[PDB]
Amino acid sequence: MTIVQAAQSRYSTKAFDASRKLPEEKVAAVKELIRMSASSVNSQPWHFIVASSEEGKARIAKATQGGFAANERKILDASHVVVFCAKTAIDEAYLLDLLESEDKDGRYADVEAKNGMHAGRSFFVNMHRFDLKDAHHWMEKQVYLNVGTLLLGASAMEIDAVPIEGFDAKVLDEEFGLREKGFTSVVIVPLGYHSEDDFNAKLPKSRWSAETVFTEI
């Protein structure tokens, strides 16, 4: 299957088959894929909650009650659920921890290259913190880029998924103590195999035409 066929055949699963679980190899591949995502200045401004148990899924589904109840069964019936969380703030200590992990990983030949990268990344993060004043939105954008990798990657691995914004992030954040750890939930992605009765598995994919969305130069 080509990556284009993966993009054409994936869809938002509206009903999972609660009997069908992902093999351990597919779960380990999902986790490696999202840890490896690109991010502006290698900020990696993310944390991931992975639920593989009925108790874990029930805890996440506390955030899909009332007006969000249409998403509850997607969480409960999926095999595995990934909660994508973004950093709520960014500071020099996080940037120094990041620079040290890259130094340990062999990215800097000398202290000159290391100091240079810090000064560059610092200039840039501070532009988002203090000049655009949008650092939380900028970090959540990197987390959405990560989600995109998972939606395409899941399809290429023949895994059904649905991205979910329709949840109460205060309830989910409190469920896992995320705000006191500097994180906030932004997207829920349940993973598994769609049920035969998934209405959306039998609808055509709808997108703007290429002549609408492309300007060629």
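Don't overthink the numbering: it's just position in the shown sequence, from 1.
Next item on the list: On mean C-alpha B-factor from the PDB entry, just flag whether 84-92 or 121-129 is the higher one.
Entry: Going by the record's values, the stretch with the higher mean is 121-129.
Item checked: 51-59 or 184-192, whichever carries the higher mean Cα B-factor -> Looking at the recorded C-alpha B-factors, 51-59 comes out higher on average.
Next item on the list: From the list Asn146, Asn71, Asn115, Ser79, select the residue with the highest C-alpha B factor recorded in the entry.
Entry: Most elevated C-alpha B-factor of the set, per the entry: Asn115.
Notebook entry, point to check: Hey, out of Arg207, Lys14, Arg10, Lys202, whose CA B-factor is highest in the deposited coordinates?
Noted result: The record points to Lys202.
Margin query: Split into thirds by Cα B-factor across the chain's modelled residues, where does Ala109 land: lowest, middle or highest?
Written below: Highest third.
Next item on the list: For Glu140, return the chain-relative third of its C-alpha B-factor as stated in the PDB record: lowest, middle or highest.
Entry: For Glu140, whose C-alpha B-factor we compare with every modelled residue in the chain, the answer is the lowest third.
Notebook entry, point to check: Hey, what third does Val27 fall into on Cα B-factor, ranked over its chain?
Noted result: As the PDB entry reports it, the C-alpha B-factor of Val27 lands in the highest third of its chain.
Item checked: Entry-reported Cα temperature factor of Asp168, expressed as the chain third it lands in -> Answer is lowest: the recorded C-alpha B-factor places it there.
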